[PDB]
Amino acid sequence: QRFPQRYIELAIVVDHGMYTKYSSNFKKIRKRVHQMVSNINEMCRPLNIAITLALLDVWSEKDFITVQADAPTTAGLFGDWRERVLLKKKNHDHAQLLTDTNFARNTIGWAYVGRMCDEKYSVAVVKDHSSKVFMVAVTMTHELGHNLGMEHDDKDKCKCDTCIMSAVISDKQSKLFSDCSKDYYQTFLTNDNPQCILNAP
């Protein structure tokens, strides 16, 4: 393996709009979330990161934060709620909020760069932007990548045009991380090396 073993214990939060979108059916929602995690796990295999679902929280009554059009604003509110509430329910390394919100500018996700393990900033928000599980899981993996110190792919740095960290998604989306992404991950493990992902469950 190019990379040493790491582990990411994920918490996935499904908001009320997404709960409603999926017929208020918890079983259906749980199944979709599991299929997403199985795809994130597959996409992270070349990085040697074992992905697990530590916690699933479905907002079946109401939203606990204001899930609004600006994704970064939503992410900040989600990070606050994740630190103050979600982390007290069960410890985990990174949390993603899934929503059906029509984020502004056709945005489909957002996350803080390089803040994996941080109590407030190890989060992402992701739009359930396709009926195709794989396409939403790629976006979850893309935001996770940013949180692991990755920036978007750049043609001068690596040749992959449709990899996970492409600036924009497309139908020919590949399940692979580019060499740009792998190099950013190496830099993150060398310069940051957060402790929580060294811990196996």
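We number the residues from 1 along the sequence you see.
Trainee: Please compare 59-67 with 150-158 and say which has the higher mean C-alpha temperature factor in the record.
Mentor: Averaged over C-alpha atoms, the B-factors run higher in 59-67.
Trainee: Look up the CA B-factors in the entry and say which stretch, 81-89 or 95-103, has the higher mean.
Mentor: Per the PDB record, 81-89.
Trainee: Checking the entry, which one of 175, 34, 142, 172 has the top C-alpha B factor?
Mentor: Among 175, 34, 142, 172, the PDB entry lists the largest C-alpha B-factor for 172.
Trainee: Taking the values exactly as deposited, rank residue 187 by C-alpha B-factor within its chain and report the matching third: lowest, middle or highest.
Mentor: Middle third, going by the recorded CA B-factors of the chain.
Trainee: Give the position of residue 131 by CA B-factor within its chain, expressed as the lowest, middle or highest third.
Mentor: Highest third - that is where residue 131 ends up once the chain's C-alpha B-factors are sorted.
Trainee: When the deposited Cα B-factors of this chain's modelled residues are ordered and cut into thirds, is residue 54 in the lowest, the middle or the highest one?
Mentor: Middle third by C-alpha B-factor.
Trainee: Rank-wise, by C-alpha B-factor, drop residue 164 into the lowest, middle or highest third of its chain.
Mentor: For residue 164, the deposited C-alpha B-factor lands in the lowest third.
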